[PDB]
Amino acid sequence: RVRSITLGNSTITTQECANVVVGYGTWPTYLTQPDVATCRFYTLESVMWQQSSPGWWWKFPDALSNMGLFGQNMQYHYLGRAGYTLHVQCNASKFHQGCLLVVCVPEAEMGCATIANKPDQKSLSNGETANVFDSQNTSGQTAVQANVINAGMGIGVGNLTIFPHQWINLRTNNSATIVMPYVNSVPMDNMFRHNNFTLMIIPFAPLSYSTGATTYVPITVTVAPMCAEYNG
Amino acid sequence: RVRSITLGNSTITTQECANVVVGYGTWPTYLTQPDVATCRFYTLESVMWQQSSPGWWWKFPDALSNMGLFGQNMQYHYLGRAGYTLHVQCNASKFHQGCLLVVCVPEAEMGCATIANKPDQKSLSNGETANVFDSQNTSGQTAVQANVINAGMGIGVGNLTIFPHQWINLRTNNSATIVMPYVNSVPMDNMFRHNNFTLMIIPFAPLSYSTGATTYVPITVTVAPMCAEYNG
Amino acid sequence: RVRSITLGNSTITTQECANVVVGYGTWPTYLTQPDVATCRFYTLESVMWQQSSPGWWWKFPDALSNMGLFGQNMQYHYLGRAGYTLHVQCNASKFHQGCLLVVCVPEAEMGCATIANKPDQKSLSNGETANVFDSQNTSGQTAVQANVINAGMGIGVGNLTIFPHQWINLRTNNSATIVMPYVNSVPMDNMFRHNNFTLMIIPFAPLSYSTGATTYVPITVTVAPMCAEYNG
Amino acid sequence: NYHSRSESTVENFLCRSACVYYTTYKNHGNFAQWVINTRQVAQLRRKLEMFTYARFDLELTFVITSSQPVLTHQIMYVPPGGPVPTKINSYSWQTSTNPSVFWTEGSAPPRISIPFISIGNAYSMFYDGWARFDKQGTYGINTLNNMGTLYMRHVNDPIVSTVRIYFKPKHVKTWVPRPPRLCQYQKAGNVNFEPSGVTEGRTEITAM
Amino acid sequence: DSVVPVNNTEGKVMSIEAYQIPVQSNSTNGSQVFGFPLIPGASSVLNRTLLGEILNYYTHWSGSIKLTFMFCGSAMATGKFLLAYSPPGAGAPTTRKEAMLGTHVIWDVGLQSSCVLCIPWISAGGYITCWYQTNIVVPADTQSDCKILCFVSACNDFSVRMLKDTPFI
């Protein structure tokens, strides 16, 4: 039936039968000064999926940087580490069709629209606000080359399945759950100058619906940090 | 699945999983001259639930007073006693929405539209024909003050949940079953001058539907007397 | 010898042989949402004891109201409870003489300099800043009648020994330690509109010194909350 | 050990020699240099970039020829953080912590091994971050990927020398596979690309 | 449990509509759906309930309260609501994000037709709010909006201390 999950002072519901993807077959564990006061769900503002939407992305350490206590622990520490559980859900009827790829990409270093330059901080991440992929080649001096077909990385978008992911096909499921382990070259790092991974949501089959149906589908992203560690 | 119930020479069906409310936690029992020839289902004429319907009511000993043998046993006896099972069902699609309160109220003595007067016999009960609640203050010399917000009793309608009841929320259920025990100040009484209880059906959420859907929802009330007793 | 005491991230030293007074023979215990993140020492700004000093006082829940996390827990809760350990020390040489009464007074409701009025919030307490007793009758519309001989309460100052206290006689000791239990008429209270107790430091023998000696003696007050509790 | 295994294994895929750098230096005028890098050659870069992190040792072989006594050449390795020459006679050429190889023509080519030398536990092929947060020019620069620098000079007291540097990764471990690059490379210091089609085109969606 | 007249605005008090909280499918996302003070002194949405009527006969009372919210839209309707609780002295939230960072539950009407909260209530008094995290998605146009009904009852170990006259006569 329906499973109610409570973390801290926040509660969400998921389908009891929903599938969970554990990236690289690894669950987050501790190696430090632990903090479990932030182990709550943070629900990001929902985005609306339209017939023409090209896709959305979030950089994670940055996406939660303004979120109360999580944001404060980043601000009061020199080094830190965390794993995350990401819950992605769609609100759609049986008269809606479409298909999304929900993928977590480690070290998603992005290219600039201008070859001679590097992208700026806001074009790469707008914090808790989703960044948007383009259907066209983008342009600007500090702009990210967000054209969808290359996922902002210069690779074919159809090959992103190499990274932890789940497909959402509205005729069979409206949700995805990804457990993302800490992945880096070092045990702990500065959480403000490095994004451990990027969450990308990319439609592969356009949203479509019957003629009297709602013209958009809300997509909600809920984030739950695990095993957070900081320097003493 | 579906449960087929036969009483006497009448059969009805209910959902096997439907919930049953037993008023006051009490099942009807015998204390007299028993009569089981009347222990059949009596289905009352259905009423149509529209977007603007204010609600309906029935007085019970009176609602069945013309029903063949039950009506005759009232007519041929001085005193009597009975408990009842009331089955209320709605015929609606998944494209319909709305919510009803189905409640049985003991001794539902009603107020008159004219303060100086008392309500008459027909304004209080039209026998097997449902009486209708008003959205407006009613007026007349013998009229019942049927304005819905006071349930005809001078109480707030939202507090009728104190009496045996079941909610029908069309997104989850289309039926209610109430077992109503005999309740009185005396073991047996004259069944023509006293209504042991009133059945009220009051919408709390208006009927609404998709644009190509049927504009009304039938509500059917089926009554099955139990443990009927009469004087010898 | 010397005893080093660490609470949280703060350390103080006391003489190993120093005496501890436990008010009313009671140690603080828990009855609620506990918080031990504030169980650290808070050292208040030192006051200087001169030949003519009349004395000093602090209201406790208020004295710590700006102290980081303690102040925040008062601000984020409706009700709360706490006990305190108070360490009072003097820095003086063997060529200094004088004697202080260090006393904790529950419910030290104070009188106003103007009989017709009540004292204001700042005349009663200046938060972490010590309030000062006068040698003269005070005057003002909202001023506290701080004349020392009546301790601000209309009692003789020599009878304050009824309350938990310790004497500091500079020829024998330069310190006092008082453990103050929670005392009230109710289990928990609003910590902003009620001062559970007042700490008073009153000289009974004036500071005096040899002619080449430092002309003042610093008095330092260190506070350590215990068993803090708040509403959930 | 490693070679008698499938060619699909990571070690066989990556542990192949490549010419990564070609340069010249003269005995008059005066020295060559190369910062050790993995983004220098497109075929090598592409194979390594199929992973996010890698840990390996480096084998370096030098093919040196010359054109107008026995001619001696000095190859110097400066570890990350070591001093470097600016001049043919800079003091750094004699630093005891900057290993050198002295070699003469006619002998087998010079060869040295450099172990994994990063402070971190792996070299990062990609870095979604900044060396300095507020400096846009530092996006993508991971200072833990400094493999050191090579310098070459002729040892003497109108000759032209040419140097071919052969690089081979060894004992290679890799983590977190990535899609192969679709776009052509633009610069060694970036991941910038010209948007590119996912594949070649067809005239129709059907089988014939 | 009795039905709470949450939508008791001046023009709704004389109608059954007082108990019907409106939900609109085209609302601005993040806007407030409804909310109310849990003020015990003359609780405007809770003092004529079965609970409220009894507590109004005593000078002092204390215990916990159960609040149930029931969605009455069509079976195929889906979307999420944020139900947030603000403890006494905290103040009501002004935005969906502020509410999200406090104490709350995400209620998905496509999974559950109702959601139950349990809060303390004694005698500012704390607050209940509900935000449109997403709008309500439907397969077809309807001729009207969706409603939410609210119910209240004493949750557990509820006590009263000194009998007095009712203020409602």
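So you know, we letter chains A, B, ... as the sequences are listed, proteins then strands, and number each from 1.
- Of the atoms belonging to D:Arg55, not a single heavy atom falls under 4.5 Å from chain A.
- Across all their heavy atoms, D:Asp128 and A:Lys59 have their closest contact at OD1-NZ, 2.9 Å.
- Here the CG-OG distance, from A:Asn147 to D:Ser196, works out to 9.5 Å after rounding to the nearest 0.5 Å.
- Nearest heavy-atom pair, D:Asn121 versus A:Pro187, reported as atom, atom and distance to 0.1 Å: OD1-CD, 3.6 Å.
- Heavy-atom pairs under 4.5 Å with chain D peak, among A:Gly158, A:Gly152, A:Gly23, at A:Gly152.
- Considering CD1 of A:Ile149 and CG of D:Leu182, their distance stands at 7.5 Å, rounded to 0.5 Å.
- Interatomic distance, A:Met110 CE to D:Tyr139 OH, rounded to the nearest 0.5 Å: 7.0 Å.
- Across A:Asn137 and D:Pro195, no two heavy atoms sit closer than the pair OD1-CB, 3.2 Å.
- Note that OG of A:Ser185 and CG of D:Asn142 are 6.0 Å apart. Values are rounded to the nearest 0.5 Å.
- Contact tally against chain D (heavy-atom pairs below 4.5 Å) for A:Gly156, A:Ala116, A:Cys112: the top residue is A:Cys112.
- Summarising the geometry of A:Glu107 relative to D:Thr52, their closest heavy-atom pair is CG-CG2, 3.6 Å, with the distance given to 0.1 Å.
- Interface check for chain D: of the options A:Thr138, A:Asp189, A:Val157, A:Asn117, the most heavy-atom pairs under 4.5 Å are formed by A:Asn117.
- Looking at D:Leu144, the atoms closer than 4.5 Å to chain A (heavy atoms on both sides) all sit in the side chain, from C-beta outward.
- Interatomic distance, A:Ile162 CD1 to D:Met50 CE, rounded to the nearest 0.5 Å: 8.0 Å.
- The CG atom of A:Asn190 lies 12.5 Å from the CH2 atom of D:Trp130; values are rounded to the nearest 0.5 Å.
- Remark: side-chain polar atoms of D:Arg178 are paired, donor with acceptor, to backbone N or O of A:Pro106 under 3.5 angstrom.
- The candidate from A:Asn195, A:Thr198, A:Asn159, A:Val186 with the greatest count of non-hydrogen atom pairs under 4.5 Å with chain D is A:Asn195.
- Interface remark: A:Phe163 contributes side-chain atoms only to the contact with chain D (heavy atom separation under 4.5 Å).
- Shortest non-hydrogen contact noted between A:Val183 and D:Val176 is CG1-CG2, 4.0 Å.
- Each of D:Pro177, D:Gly120, D:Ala122, D:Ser118 has some count of heavy-atom pairs under 4.5 Å with chain A, and the biggest count is that of D:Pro177.
- Between the side chain of A:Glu109 and the backbone N or O of D:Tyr127 there is at least one donor-acceptor pair closer than 3.5 Å.
- In this structure, chain A has no heavy atom under 4.5 Å from any part of D:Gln184.
- Under a 3.5 Å cut-off, the side chain of A:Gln121 and the backbone N or O of D:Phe133 do form a donor-acceptor pair.
- Under a 3.5 Å cut-off, the side chain of A:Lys118 and the backbone N or O of D:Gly137 do form a donor-acceptor pair.
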